[PDB]
Structures are given as C-alpha cells and as structure tokens.
2 protein chains.
Amino acid sequence: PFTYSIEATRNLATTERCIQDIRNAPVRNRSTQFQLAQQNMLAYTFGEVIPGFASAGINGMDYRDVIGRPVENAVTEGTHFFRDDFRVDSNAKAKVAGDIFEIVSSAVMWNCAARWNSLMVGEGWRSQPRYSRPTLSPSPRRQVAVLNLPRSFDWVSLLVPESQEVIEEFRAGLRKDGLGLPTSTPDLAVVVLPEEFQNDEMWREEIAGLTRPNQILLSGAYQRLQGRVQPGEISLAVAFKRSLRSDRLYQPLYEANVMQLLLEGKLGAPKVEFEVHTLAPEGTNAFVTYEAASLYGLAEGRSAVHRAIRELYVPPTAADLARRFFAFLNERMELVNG
Amino acid sequence: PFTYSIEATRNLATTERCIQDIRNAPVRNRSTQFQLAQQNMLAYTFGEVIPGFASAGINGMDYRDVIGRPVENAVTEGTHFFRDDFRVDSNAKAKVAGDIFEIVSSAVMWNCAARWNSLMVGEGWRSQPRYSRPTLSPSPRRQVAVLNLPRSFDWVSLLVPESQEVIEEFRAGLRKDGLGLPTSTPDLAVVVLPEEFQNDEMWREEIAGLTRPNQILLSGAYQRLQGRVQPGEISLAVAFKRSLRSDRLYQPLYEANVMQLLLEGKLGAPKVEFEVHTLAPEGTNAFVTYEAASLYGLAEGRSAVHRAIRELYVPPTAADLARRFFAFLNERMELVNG
DNA sequence: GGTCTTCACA
DNA sequence: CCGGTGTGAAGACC
DNA sequence: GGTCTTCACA
DNA sequence: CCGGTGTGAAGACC
Ligand SMILES: [Mg+2]
Ligand SMILES: [Mg+2]
Ligand SMILES: [Mg+2]
Ligand SMILES: [Mg+2]
C-alpha cells in the first residue's frame, strides 16, 4: 500500500513483487542485478490511492514526496528480501521516478476529466473532495479525453483520414529527397471527445487506484480515438519533466516546434497549447528560455508570432494540479460551441 | 605523462594535482568530496602528447582508449593519496570525459589547421607523421582558424557589424512582442582567416601539448576574431558528443536549425555545414534520425530543402580524424577564389 | 503459428 | 527517463 | 577597487 | 556534460 505494510508485502506473489532478482538471468550488455518493476510498484503504492482525489492528508502532501514514495517502498522491500546484497543504481531510480511522475500526473488528469464529463452530461458535481464547481453551462458536446501516448506514437493517426492525407503527402514529398521529420512523442494529449463516444460510460467514471487493469485502461485509451479526432480539437499537449537542466529543456521545444509546424502551417489549426510540467526547475533559467518564438514562419514573416511553449508549471500539490486543470477546462471549453 | 609516472606525480604541487580534496570546503548544495580538476588532468596526461601528431602507437590507438586515460590516471592518483576513502561519482566522470573528448578533438583540429596554414603560406609540408599532401594550389588567402567557442557565447559577435545589425534588428523585433531566440553554443566553429591575420605567425605553429598556456591559447582564440569574420566564411560547425541517446540527439538539431535560420534565412549565406562527432552511437537510430530536414522554409516551400546535419562521424583513431579534416579542407577551400 | 530473445525509445 | 558535476562570469561586501 | 562566494551552462 | 536504465514491439526459431 501507500505506507509499506509488512503483511501486504508478505502476501505478494514472486512475480508481483516490486523488485525482481535477475542475477541468474543477465541482460545482454548490462550489469543489472536487481531491477525495479515500475508497474508492480505503481500497483503496490498507488493501488487504492489517487493523489488529489484521496484523503486530505495525501492531497495536501508535497508533490515531491508523493512522487518518490514508490521508490523508497521498493528499496525497503529489497533490503528486507536481499539483505546486504541489495543495490540499485541511481540511474534506474531516476528513470523510474520520471516514469512514475508522468503516469501519476496522467491519472490525476484522467480523474479530473472524468468528473468534468460527468458534470457535462448532467449528473451533478461530485463533492467527496471539495473543488469549485465550474460556471460553464453544461452540455454533452463539451467532453474531453486524456490520452497517455505510447513510446513511438506519431500522434497523426488520431486525425481524420482527410486530415491525414495532407500530412502523408507532405511526408512523402519530403521522403522523395531522402529527408524526414523526426520527433519525440509528446507525453500527454487532451482532445475533445468524438461524437460517437458521447454516450459511452467509460469516459464518465473515476478510477479508484492504479491497479494493473486500470494501468492498461489508461495506457490503451489512445487506440479508441485513432483516426477520429478533428485537427481543431487538440485542446492541450503536456510534456512532463520531473527535473530540468540547461540542455535537457530543448527536447520539448523541438517537439512543440514540429507539432506547431504540422498543425498550423499545414492544417490551419488556430494554435497549439503546449505546456511543460516540472517539479524542480532550480539551477536553470527555464522561465526565460521557454519564452521563445516558434521556429515556423520567422523566415517569411507573414503569420503572427507566438510562444512555442505556453507556460511552465510547477505543481506544489496534486490538488493544485487538479484545480489548475479544472480552471483550464472551464476557460477553454467556453469558446467551443455546444 | 601519458602513463602515470609515480615520480612525476610526486613532483606535482598540491594545487597542480589531478584530484582536489574539498571535504573541509563543501559546496553550497552538492555532496561532492573529491573533485576532478579537468584542466589539471588535461595538462598531466596530454602535456607533451597530442593524439594524431605523436608516435605511431598513440596515433593508431583506439580513440575510446585515448579519451579515458586522464580519468583513470586521476583515479590511480586519488587511490594513491587518499586510500580506502577515495570515491568519485560516475556523473562527475561522465562530465569530465565529455569535456576531455571535446577539448582533445579541438586540439587535434587546431594542429591540422596549423599545418594546413603553414603549407598554404608556402612554407612546405611537414612530414613527421605521414599524411597525404593536398593537391590544392597554395595561396595565403585560404588559411583557416579553428575556434573552441565558450559557454553562453552568442557566436554572432564573430560577424562584421553590418551583418550584426540585421540580426540585432530581427532580435529587437522579436523582443518587442516579448519573445526570444535562445540556443546553445556550438562546440566548435571553423572560419576562414581574416585578411588582417594573414601575416600572423600564431596560426602556423603547432602546439606540443595541452599545457595550461596552450589551453588558454586555444580557449581564448575566439576573442581575436570578433567583428572580423564575414557571414560567408563560416566553413564548418561541429558538435561533439561522446555518446548518443535517443533523446539527447535533438539538442544539436535545434542548434543547427537556429544557426541555419540565422545564417541562411536572414543573411543570404549559401549553406551551413553542421556535423556531429560521436564515439558510441550504438543503442539508438541516429544515422537515420539525423537525416532530417531543416525547420526553416517549410512553411511555404520556396527555397530548396536540405539536411539539417551534414553527417554523423565516428572516428576510430585520431589519425582518421586528422585525415578527414585534411580532406574536408582540400575539398572546401578549393571553392575560394585566389 | 506460437514462444522466446533482443533492441530502440524515452 | 533523469541526477550528479567543473568552471567562468556575475554578485555581495568591506 | 578587489577579493571571496555563488550560480547557470553545457 | 553524459551513462545506467524498464518496457513493448519486432525478429529468430521445430
Ligand atoms: Mg516522453
Ligand atoms: Mg517527459
Ligand atoms: Mg557544448
Ligand atoms: Mg557537445
């Protein structure tokens, strides 16, 4: 659980434990001995707790301490089972911490979107944790879906085929000369729910924990909307980064530049709302560096110039992130007619 | 020395040693105990040896083995001095190794440029190591300068003022709307020698080793060329990266895109030659990703489309790097009138 | 076609 | 995915 | 001035 | 500046 019960760890299967001993099964070019099964620790620590929608002692806890509990629970378990032999490299912890931060933030945003959809359908406003009720007029057409994009996802398959044809032709013309348009997958994307799923109940209910079925449900939700989202319904794109460095911050800038070039220069979309979340921006000047012009149309000067990154946000708590997302939805869905 | 002489380490002053004890002088927010003095290790290991311009055993040695000698020499010294207490974190070693790679490669390129200039001012072709003599016609107007750019360098101050005013006006127009154009400084830049430095004897003499005076000479050779280089004499720009990851390769792409936007779309330069030098590209797909198009001129598609990165190079030895640079000089400076 | 082993992505 | 660095320029602080 | 301390960059 | 990582998908293999 969230507090490392000893009896709960005892009653786990060997394949369900947070740490897997692979000392007798080495990896090809790695010297790993004990590996961190991040899905197991997500199901263990957050199996029945979702930050921001849990007891008030977890919703107000520092967000740096909520993201960082699974790793220390794993360390405790590994020390219990493999005493004086347990050792996990710091780089493994860094990777797993980044992944856990992204997944937990996505789960919080999913619960917020589920509450918003339940309100919009006209089923009242839930009040188990106290959040401000939006002033927007309820309407089923103003429903959203939060998609956790996979590793090598190009995010163009979410567009309608008539919107994919232009992108395909442009990429084929680029390939004719042997060139390409590589990009990293944005961590998250929020889109308006298509007209066919306006009655489905899977977009109206909240998950009680990050169990393995719920992890699969959250991870596989992108496949339901493939080839269905209009180009103008891409509400928000989020790039999570648990920590920033003066050189590591250029990856989201490149992702945003490529996405805006594809969505604005070719599809005529109004604008792309790309933002970056972080937990420790100290030691850098990201608040000024991210105040950068989009590398699209600068050489011609015929379109309006704007920031490539909408905003850099540092959530202190999960409840603050939930409130920010609710305010963003209330502000954004106003201009969409329904 | 290059092989960790014990008597040579005994003769070093306490401030000239490869490892500094800062256990009694902690840093503000770091837990460092022993610090790797990278300049001291550079002066110790390569104080009388330059790879590619030394004995045939060092020239033909694996480049991954030359880049990595200073770190292990420092580790041996630290074990000798602080036994059973010495410990250096792997991240410090990674940082130092990257810096060593960049600096030694820049030194090799500087020696190649010095020999090229000495040949092209009609002083003959040095032959202590055997390299192919270029077939180009000698002329003083074709000498080159290799510049190791420092951190937070604008690299536009190298341009003549008339060229600088265009970039300044563009940046002021960007700033008026509250925007900006941030970038990282390319690790190196090769430019044609200005007409006032043709008769200088500093650009023809090679260095015997990476002693501290030579380090200062190579690091500070960019101040001499501020406001002298025309916007069309930027021959080559090189980004050094010891190893490539599937996300760390997007920072050179951003650097190249910004550089080409500034030089091709705002100054009328023919083309910018940007290439990446790596030692371990295994584990990623970089020979295909780096085969990408420039995010400039694709909004309307009027100018010809070309690659952002010229080539990704993996040098096996230092002699191969010297030969590549000589071939590049012979091929490129042929198109300079005179 | 079905199970295992490896590799790129992030 | 990230976290631990070495150094040169800017910043107190008399 | 000018000397020691701190911070951002890469 | 970089090196040690977990996982899903593609590649062998009677
Ligand atoms: Mg990602
Ligand atoms: Mg991310
Ligand atoms: Mg650099
Ligand atoms: Mg570099």
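Conventions used here
- Residue labels used throughout are counted from 1 along each chain in written sequence order rather than taken from the entry, whose numbering may differ, and residues without coordinates are not included.
- The order in which chains are written sets their letters, starting at A; the order in which ligands are written sets their numbers, starting at 1.
- Note: side-chain values were computed over all heavy atoms of the structure, leaving out hydrogens and water.
- Residues with missing side-chain atoms are left out of burial classes, side-chain pairs and their counts.
- Each copy is brought onto the others through a least-squares superposition of its C-alpha atoms.
- Any two residues having at least one pair of non-hydrogen atoms within 4.5 Å are treated as being in contact.
- UniProt positions are given in the numbering used here, feature names are shortened, and annotations may be inferred rather than shown by experiment.
- Put simply, DSSP marks the helices as runs of H or I at least four residues long and the strands as runs of E at least two long, and each gets a number from the N terminus on.
- For the exposure calls, accessible area comes from a 1.4 Å probe over protein chains only, and a residue counts as buried if that area is under 20% of its type's maximum, exposed if over 50%, partly exposed in between.
- Axis definition: a line fit to C-alpha positions, over the contact stretch in the case of helices; interaxial angles, taken between N-to-C directions, run 0 to 180 degrees.
- Note that the term roughly parallel is reserved for angles under 35 degrees, roughly antiparallel for angles over 145, roughly perpendicular for angles of 65 to 115, and oblique for everything else.
- Handedness of a helix crossing follows the sense of rotation of the near helix relative to the far helix, less than a right angle counterclockwise being left-handed and clockwise being right-handed.
- A helix is expected to reach a length of 1.5 Å times the quantity of its residues less one.
- Each of two parts loses accessible area, computed with a 1.4 Å probe, when they are put together; buried area is these two losses added.
- Here, a salt bridge means any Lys or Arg side-chain nitrogen found within 4 Å of an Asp or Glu carboxyl oxygen.
- For this analysis, a polar contact is any N or O atom pair within 3.5 Å, provided that within protein one partner can donate a hydrogen and the other can accept it, and provided that sequence-adjacent residues contribute only side-chain to side-chain pairs.
- When residues are sorted by character, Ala, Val, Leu, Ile, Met, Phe, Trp, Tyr, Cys and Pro go into the nonpolar class, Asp, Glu, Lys and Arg into the charged class, and all the rest, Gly among them, into the polar class.
- Each pair of aromatic rings taken from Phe, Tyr and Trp, with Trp reduced to its six-membered ring, is defined by centres within 6.5 Å and is described as stacked if the planes are under 30 degrees apart, edge-to-face if over 60, and tilted in the remaining cases.
- For each residue, the test is whether any non-hydrogen atom lies within 4 Å of the molecule or strand; if one does, the residue is near.
- Distances decide who is a donor: an N, O or S atom must be within 2.8 Å of the metal, or within 3.2 Å for Na, K and Ca. Water is not included, so sites may look incomplete.
- The arc in question is formed by the directions pointing from the helix axis toward the C-beta atoms.
- Strand pairing is defined by DSSP finding a minimum of two bridges between the two strands.

Enquirer: I would appreciate a short explanation of the relation of the copies chain A and chain B in the present structure.
Expert: One copy of the chain maps onto the other through a rotation about an axis followed by a shift along the same axis. For the match of chain A to chain B, the screw axis carries a shift of 0.0 Å, the RMSD comes to 0.2 Å, and the turn is 180°. On this basis, the relationship between the two copies can be described by a two-fold rotation axis. In this assembly, 94% of the residues forming the interface of chain A have copies in chain B that are likewise at the interface, indicating an isologous arrangement.

Enquirer: Looking at this structure, I do not really get the UniProt feature "binding site: Mn(2+) 1" (unreviewed entry) in chain A. What am I missing?
Expert: Residues and elements named next belong to chain A. Annotation from UniProt places "binding site: Mn(2+) 1" (unreviewed entry) at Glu 102, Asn 148, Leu 149 and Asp 187. Spatial clustering of the annotated residues is evident: they stretch over 86 residues in sequence, but the largest pairwise C-alpha distance comes to 11.0 Å. Relative to the assigned elements, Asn 148 resides in strand β3 (residues 144–148). Discounting residues that sit within four places of it in the chain, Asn 148 has contacts with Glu 102, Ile 103, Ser 106, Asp 187, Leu 218 and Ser 219. By the secondary structure assignment, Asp 187 is in the loop between α7 (161–176) and β4 (188–192). Look at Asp 187 and you get buried, because its relative accessible area is 17%. Apart from the residues within four sequence positions on either side, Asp 187 is in contact with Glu 102, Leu 147, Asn 148, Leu 149, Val 238, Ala 239 and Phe 240.

Enquirer: Honestly, the packing of helix α6 (residues 90–121) of chain A against helix α11 (residues 318–332) of chain A in this entry has me stumped. Any pointers?
Expert: Helix-helix packing is described using two parameters, namely the angle between the two axes and the distance between the axes. Residues and elements named next belong to chain A. Running from N to C, α6 and α11 cross one another at 45°; their axes reach a closest spacing of 10 Å. Taken together, α6 and α11 sit at an angle that is classed as oblique. In the crossing of α6 with α11, the sense of the turn from one axis to the other is right-handed. Mapping the contact onto sequence places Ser 105, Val 108, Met 109, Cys 112, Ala 113, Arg 115 and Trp 116 in α6 and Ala 318, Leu 321, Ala 322, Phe 325, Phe 326, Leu 329 and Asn 330 in α11.

Enquirer: Even after reading the chapter, I still don't get helix α5 (residues 69–81) of chain B, so can you show me in this structure?
Expert: Residues and elements named next belong to chain B. Its 13 residues place the ends of α5 18 Å apart at the C-alpha level, agreeing with the 18 Å of an ideal helix rising 1.5 Å per residue. Taken as a whole, α5 has its buried residues at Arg 69, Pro 70, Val 71, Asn 73, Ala 74, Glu 77 and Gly 78. Along its buried surface, α5 packs onto α1 (6–10), β1 (19–21), β2 (34–36), α2 (38–45), α4 (63–66) and α6 (90–120).

Enquirer: Help me out: how do you make sense of the interface of chain A and chain B in this one?
Expert: Accessible area lost on assembly of the parts is the figure often given for the size of an interface. With 33 residues of chain A at the interface, the matching set in chain B holds 32 residues. Summed over both sides, the interface of chain A with chain B buries roughly 2800 Å², with 67% coming from carbon and sulfur. For chain A, the biggest contributors to the area lost against chain B are A:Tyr250, A:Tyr254 and A:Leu295; these three give 24% of the whole. Its salt-bridge partner being B:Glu291, residue A:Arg175 comes within 2.8 Å of it at the nearest N-O pair. Taken together, the links from chain A to chain B amount to six residue pairs in polar contact. Here the side of chain A that touches chain B gets seven residues from one element, more than from any other, and that element is helix α9 (residues 250–264) of chain A. For the side of chain A that touches chain B, the residue count by class is 17 nonpolar, 10 polar and six charged.

Enquirer: Explain the packing of aromatic side chains here, please?
Expert: For any pair of aromatic rings, the description consists of the separation of the ring centres together with the inter-plane angle of the planes. Under the criterion given, the structure shown has 24 aromatic pairs over all chains. Note on A:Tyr254 and B:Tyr250: the rings are 5.6 Å apart at their centroids and 35° apart in plane angle, and the pair reads as tilted. You can see A:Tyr254 sitting in helix α9 and its partner B:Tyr250 sitting in helix α9 (residues 250–264), one on each of two chains. With respect to class, A:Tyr254 is no different from B:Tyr250; both count as buried. Ring centres of B:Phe153 and B:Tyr222 lie 4.8 Å apart, and the angle between their planes is 75°; on these two criteria the pair is classed as edge-to-face.

Enquirer: Teacher, can you tell me more about the protein's contact with DNA strand F here?
Expert: The environment of DNA strand F is formed by 24 residues, the closest being A:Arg30, A:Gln39, B:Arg242, B:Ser243 and B:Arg245. Within 4 Å of the protein, the atoms of DNA strand F are drawn from sugar and phosphate moieties in a proportion of 57%. One of the side-chain N or O atoms of B:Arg245 is found 2.9 Å from a base nitrogen in DNA strand F. The set of elements that each furnish at least two residues to the surface near DNA strand F consists of β2 (34–36), α2 (38–45) and α6 of chain A together with α6 and β5 (234–243) of chain B. For the surface near DNA strand F, the per-class residue count stands at five nonpolar, eight polar and 11 charged.

Enquirer: Honestly, the coordination of the magnesium ion (ligand 4) in this entry has me stumped. Any pointers?
Expert: Under perfect tetrahedral coordination by four donors, a metal shows angles of 109.5 degrees; under perfect octahedral coordination by six donors, it shows angles of 90 or 180 degrees. All names here are of chain B. Looking at the magnesium ion (ligand 4), the protein donor atoms are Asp 187 (OD) and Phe 240 (O), and they sit 2.0 to 2.2 Å from it. Separating the magnesium ion (ligand 4) from the magnesium ion (ligand 3) is a distance of 3.5 Å, and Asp 187 supplies a donor atom to each of them. One end of the pair, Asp 187, is in the loop between α7 (161–176) and β4 (188–192); the other, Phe 240, is in strand β5, and 53 residues separate them in sequence.

Enquirer: Please clarify how the protein's contact with DNA strand C should be interpreted in this entry.
Expert: Around DNA strand C, the structure places A:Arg28, A:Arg30, A:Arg151, A:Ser184, A:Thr185, B:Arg245, B:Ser246, B:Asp247, B:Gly283, B:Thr284 and B:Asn285. Atoms of DNA strand C within 4 Å of the protein belong to the sugar or the phosphate in 68% of instances, the rest to bases. In the environment of DNA strand C, a phosphate oxygen lies 2.8 Å from a nitrogen or oxygen atom belonging to the backbone of A:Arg151. The contact in question runs from a phosphate oxygen of DNA strand C to an N or O atom on the side chain of B:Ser246, over 2.9 Å.

Enquirer: Help me understand unusual backbone geometry in this model?
Expert: Where the residue is not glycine, phi is negative for most of them; where a peptide bond is considered, it is trans in most cases. One non-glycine residue, A:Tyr4, lies in positive phi territory at about 60°. Counting through the fold element by element, A:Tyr4 comes out in the segment before α1 (6–10).

Enquirer: Any chance you could explain α7(A) here in plain terms?
Expert: Each full turn of the α-helix corresponds to 3.6 residues, which orients residues three or four apart in the same direction. Residues and elements named next belong to chain A. The end-to-end C-alpha separation of α7 is 22 Å, in line with the 22 Å expected for 16 residues at 1.5 Å each. Among the residues of α7, those classed as buried are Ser 163, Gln 164, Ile 167, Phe 170 and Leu 174. In an axial view of α7, the angular spread of the buried residues amounts to 125°, which keeps them on one side of the axis. Away from its buried face, by an angle of more than 90 degrees, α7 presents the exposed residues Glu 162, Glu 168, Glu 169 and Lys 176.

Enquirer: I would appreciate a short explanation of the sheet that holds strand β5 (residues 234–241) of chain A in the present structure.
Expert: Two pairing modes exist for strands in a sheet, parallel and antiparallel, and in both the strands are linked by backbone hydrogen bonds. Residue and element names in this part refer to chain A. Reading across the sheet, the five strands line up as β3-β4-β5-β6-β7 and stay open at both edges, with mixed pairing between neighbours. This sheet does not close on itself; its edge strands, each paired only once, are β3 and β7 (312–313). Where strand β6 (residues 274–278) meets β7, two bridges bridge the pair, whose relative direction is parallel. When the sheet's bridge partners are listed, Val 276 is paired in β7 with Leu 312. The sheet contacts of α6 involve β3, β4, β5 and β6, and relative to β3 the element is tilted by about 165°.

Enquirer: What is the right way to look at the pattern of salt bridges in this model?
Expert: Pairs may arise between side chains of opposite charge once their charged atoms sit close together. Tallied over the full model, the rule gives 32 salt bridges over all chains. For A:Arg23, the salt bridge goes to A:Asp85, with nearest N and O atoms at 3.3 Å. On the criterion of sequence distance, the pair formed by A:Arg23 in the loop between β1 (19–21) and β2 and A:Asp85 in the loop between α5 (69–81) and α6 is long-range, its members being 62 residues apart. Owing to a relative accessible area of 38%, A:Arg23 belongs among the partly exposed residues under this scheme. Residue A:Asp62 pairs with A:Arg64 through a salt bridge whose shortest N-O separation is 3.2 Å. Judged by relative accessible area, which is 40%, A:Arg64 ranks as partly exposed. Among the charged side chains, a salt-bridge network with shared partners connects B:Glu275, B:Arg310, B:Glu311 and B:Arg324.

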